[PDB]
Amino acid sequence: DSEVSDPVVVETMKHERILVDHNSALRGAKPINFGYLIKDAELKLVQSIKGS
Amino acid sequence: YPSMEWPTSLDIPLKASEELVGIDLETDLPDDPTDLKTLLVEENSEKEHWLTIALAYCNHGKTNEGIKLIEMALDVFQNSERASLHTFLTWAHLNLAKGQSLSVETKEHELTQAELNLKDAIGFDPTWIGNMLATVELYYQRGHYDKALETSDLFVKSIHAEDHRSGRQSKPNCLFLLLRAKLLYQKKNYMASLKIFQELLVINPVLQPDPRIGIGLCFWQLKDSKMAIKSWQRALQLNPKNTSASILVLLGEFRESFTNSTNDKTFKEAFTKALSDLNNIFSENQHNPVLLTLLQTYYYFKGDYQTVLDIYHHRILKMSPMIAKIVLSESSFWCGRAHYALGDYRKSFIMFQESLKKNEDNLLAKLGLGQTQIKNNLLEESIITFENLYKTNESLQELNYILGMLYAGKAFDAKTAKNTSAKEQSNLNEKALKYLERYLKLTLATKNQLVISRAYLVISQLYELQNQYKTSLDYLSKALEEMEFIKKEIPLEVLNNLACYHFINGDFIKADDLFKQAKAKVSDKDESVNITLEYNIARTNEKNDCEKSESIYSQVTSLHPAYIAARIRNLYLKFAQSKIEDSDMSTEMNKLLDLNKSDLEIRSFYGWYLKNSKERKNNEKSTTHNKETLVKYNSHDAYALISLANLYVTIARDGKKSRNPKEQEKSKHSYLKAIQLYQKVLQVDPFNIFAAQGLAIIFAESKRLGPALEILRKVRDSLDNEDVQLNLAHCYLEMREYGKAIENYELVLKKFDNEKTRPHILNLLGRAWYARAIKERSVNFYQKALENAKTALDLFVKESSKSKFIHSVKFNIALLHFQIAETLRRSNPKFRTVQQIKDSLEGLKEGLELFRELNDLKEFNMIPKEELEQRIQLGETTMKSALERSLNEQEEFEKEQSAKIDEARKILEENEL
Amino acid sequence: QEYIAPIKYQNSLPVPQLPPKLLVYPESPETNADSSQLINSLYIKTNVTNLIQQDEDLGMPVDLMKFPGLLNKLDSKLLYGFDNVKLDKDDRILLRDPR
Amino acid sequence: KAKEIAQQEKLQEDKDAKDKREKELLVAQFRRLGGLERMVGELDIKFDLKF
């Protein structure tokens, strides 16, 4: 089915808070905003790759 | 000090005798004033004695007796004689209209009577000052402060205009000064008003009303309240019967119980004296709104909320239209406080609204309004009111705290939601941080009040959300340090979260110690918190006591299999150490996935497993798995998106190195889909450095090495990783920057002891040294390349790895030996060793042995095996012979030079005298 | 030119690496935004400020019946103040500026 | 003639007296969250009034 019904871990999750998950861990150890690359990759790669 | 007390005796001339009859204006006055009318009409007394007896009546608590005696007097004197008598009556009724415990219609009656008599007197004499002052005071009592002040100004200009019109001047008139000082206090021009009050003090230090009162009022408004109190105390020192000075001193006592108390005992003494003085004054001034609002304060802080409400309802409301609206606002604000304390937030809202209606600048009432809005779950509305208050109170600690917490709650809630964009999240985080840090800066600027440590906890969580965990550590340690400064017990939660912040920073020993403190602060019977604390300890000791971690993991996975993190890391540790058979691993992950198939952490662990093995399950199932994660569970999941983009990049690069029409354009399309996936990840999270690294890799594989290197440098500044260092080295190699390529290759080797990646890095070190060798014809660089390649090959056959790689490094070694031979052969003998040429001949023989083992192998087509044959039978015949020619030349060279020294020997033997 | 060593750039997401778990702090009602203790915190500082103006008369009723000679003998003199006044020190400190 | 090391250690214990009064004021309950009520409730003054 799915996994087994454990009331004692259910109340463990209620009191837990996740420091880092699988997705935030991809920010590294110090925050670097890489949003500008959205523009960069689209002027330096896509338009040069679309020459085909 | 001077005196303007009234004479306590009157002598009236008698008319039968010419002697005098004496009246004590203190005692002798009849209980009904008509008993003196008689005496004043037979002996035809002057009107001034009528006025004197009436003034005595009024100044001894019998103003009605006086108004009626001057009423009687109006029958006795005729037209112009009445002028003074009307002026008196005006000021009489004014003082009846000043009844504090009076009703509203009686006060309007007394003011009507005042202006009746004033219009009469001014008709008889318009320029008598008693009339003129009576006019401005009338305007004052009718709230027309602007008109009162301009009529005072017109009068003052007029009086100077009729002494510079009779040629003289005037020294200041105390009552015009006093009215202008009061009116300037009303216009909130406090400083100006202070000066006038101060001016009066030097002109008349026994003036009534006491100008020290106004001095203190303006000192208090100008934030020198300390001095304010002194002047008020001064006023009570000079006159203990002055009840308003007494009340001002009482207010000073309440304020000084807060400002002057050193500790708890002194505060209790000062507040108890303030309260007993309040009781003493109040039990003879029971309709004083100020004392009633003070009682309200006391009853609120004593928890007696019903009495707060009762005071408002049964006392203040009955007399509300005559209370000054600032005092009424204080009383309605306390009534709202009481309603709030009783959990009746509708009525506390109503009363904070009413308090704001009577004083729009009542700060505490507005804070209460916003709080009642919070209590009614009107969050955005409460934010509106708090921010409108912030527009003019940005330096208020309590307001910065409240707004910081409201916005922190909004940020945390936004984090738990799916549909919160990255800029919504960051804007919320930064707004809450702005407010909370301004709270901290303001609270620490003062040194009387302590920091609410909740602010430290919330700030450290917010900096979690900003990916600044050392700041989290710093702020939470400030919380713990403050707690222990006030000798308060440290919550298990703060120790545990402090240990987590220490873990994320690399201090596993401090984290271990704090997790053990947290667990030491727990009952043995409880197991909900004990599961998380056991996982925390095991997770912290993975790299230092891995045998303890695996035991804890086995216990948590056996007893409580639903605890996911323990399962994931138990399987990770046993897989990464080859402690689990690959069959039983491939079974364990499926039994871990097929019961928690929506757990995105488990899905990402599964994707990692599929990518990592690269044998049992490869890119087919990882493409389907990650697209299942996207199109069925999140579709914004950075992890699955990046794995998809990575597989697209691998198929793109393996399409770009072949020549097949339809199937080199599927590499142009796959680079584009990979770019699109990285771009979407950056839309969801612009701080995702792995998307940046993938884009940089695509930049480098379009031979755009500048941008690729700058992205890889910025990624390395936040990711201490095998791959980013390897990519930096790779990229330096492709820029012909052989020095930095070699530096970064040996760096990635000196950290990150990884055995499956080691031979490839040694082979690329060999490639870099080979590159720097052919571009300087240096045999030392060829030999550095040679040792690197030799150790790479020995490890390739230690691993038993792909014969692709072993053949490639065998070719590399043979090529290097041939290059060494051919570079030594083209060298000046003064730069060679005989033993270096010997070594190069034996190196060339071993190069040819590897070349013929590459030729007879029926699968090696990295060189055409027609170039390979020619170098075999160029190594076999000719090059060899060449390298012995340069060998024989070298030693003949060597011998020749032993020729040369001995000739020098005989020449410097020959040269003696 | 001919040394064989292929270059392979890698991105390679990590294993999730589930760090230690935080615990939600126990509720502290007196430090919420809705706490009355914040209003009390502020009251400690601003305590009785809005009461010092006892009434619309500012605690300072104007009464001409307090001036001998005036209102009975028409003696305006006492309104223009004593000349050559002494000003005791506990009164003289009250002409200072705020601080 | 440097016998004045008695009066430079008078300055330092006067400073730490000043610091002990600052600390005593910080942890005083009447200046802390919820403490003003707690201290008002500990008073032994009994108004006899009903409104």
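Sequence positions for chain B are given in Swiss-Prot numbering; the residues included correspond to 10-922, in order.
Determined via X-ray crystallography, 2.9 Å.
Backbone N, Cα and C atoms are what each Cβ position is placed from, and that goes for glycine too.
As given in Swiss-Prot:
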REPEAT    B:138-174  repeat 'TPR 2'
REPEAT    B:183-216  repeat 'TPR 3'
REPEAT    B:218-251  repeat 'TPR 4'
REPEAT    B:298-332  repeat 'TPR 5'
REPEAT    B:373-405  repeat 'TPR 7'
REPEAT    B:421-455  repeat 'TPR 8'
REPEAT    B:462-495  repeat 'TPR 9'
REPEAT    B:540-572  repeat 'TPR 11'
REPEAT    B:664-697  repeat 'TPR 12'
REPEAT    B:699-731  repeat 'TPR 13'
REPEAT    B:732-764  repeat 'TPR 14'
REPEAT    B:830-863  repeat 'TPR 16'
Task: Beyond the flanks of the repeat 'TPR 12' (B:664-697) by 6 or more, those residues with Cβ under 8 Å of it - done: 431, 476, 645, 647, 650-651, 653-655, 657-658, 703-704, 707, 710
Open item on the list: At a C-beta cut-off of under 8 Å, are there same-chain residues at least 6 beyond the repeat 'TPR 2' (B:138-174) that contact it? List them, or none.
Closed with: 96, 99-100, 103, 106, 120, 123-124, 127, 130-131, 182, 184-185, 188-189, 191-193, 195-196
TODO: Could you give the residue numbers and ranges of same-chain residues that sit at least 6 residues beyond the repeat 'TPR 14' (B:732-764) on either side and whose C-beta is under 8 angstroms from one of its C-beta atoms?
DONE: 702, 705-706, 709, 712, 714, 717-718, 721-722, 724-725, 770-771, 773-774, 776-778, 780-781, 804, 808
Task: Beyond the flanks of the repeat 'TPR 11' (B:540-572) by 6 or more, those residues with Cβ under 8 Å of it - done: 505, 508-509, 512, 517, 520-521, 524-525, 527-528, 531, 578-579, 582-583
Open item on the list: Just to be sure I understand, if DSSP states are collapsed into helix, strand and coil, how many residues of the repeat 'TPR 4' (B:218-251) fall in each?
Closed with: 25 helix, 0 strand, 9 coil
Open item on the list: I need to check the long-range neighbours of the repeat 'TPR 3' (B:183-216): which residues 6 or more away from its ends have a CB within less than 8 Å of a CB in the stretch?
Closed with: 10-13, 142, 145-146, 149, 154, 157-158, 161-162, 164-165, 223-224, 226-228, 230-231, 247
Open item on the list: Give the nonlocal contacts of the repeat 'TPR 7' (B:373-405) in its own chain as ranges (CB under 8 Å, at least six residues past its ends).
Closed with: 338, 341-342, 345-346, 349, 354-355, 357-358, 361-362, 364-365, 411-412, 415-416, 418-419, 447, 451
Task: Contacting positions for the repeat 'TPR 5' (B:298-332) when only residues 6+ beyond its ends and CB under 8 Å are counted - done: 109-113, 116, 256, 259-260, 263, 284, 287, 290-291, 339-341, 343-344, 346-348, 350-351
Task: DSSP helix/strand/coil residue counts for the repeat 'TPR 7' (B:373-405) - done: 24 helix, 0 strand, 9 coil
Task: Per-state residue totals over the repeat 'TPR 8' (B:421-455) - DSSP helix, strand, coil - done: 29 helix, 0 strand, 6 coil
Task: DSSP-derived helix, strand and coil totals, residue by residue, for the repeat 'TPR 5' (B:298-332) - done: 31 helix, 0 strand, 4 coil
- [ ] Pull the DSSP breakdown for the repeat 'TPR 11' (B:540-572) and write it out as helix, strand, coil residue counts.
- [x] 24 helix, 0 strand, 9 coil
Open item on the list: Give me the DSSP three-state residue breakdown of the repeat 'TPR 3' (B:183-216), ordered helix, strand, coil.
Closed with: 27 helix, 0 strand, 7 coil
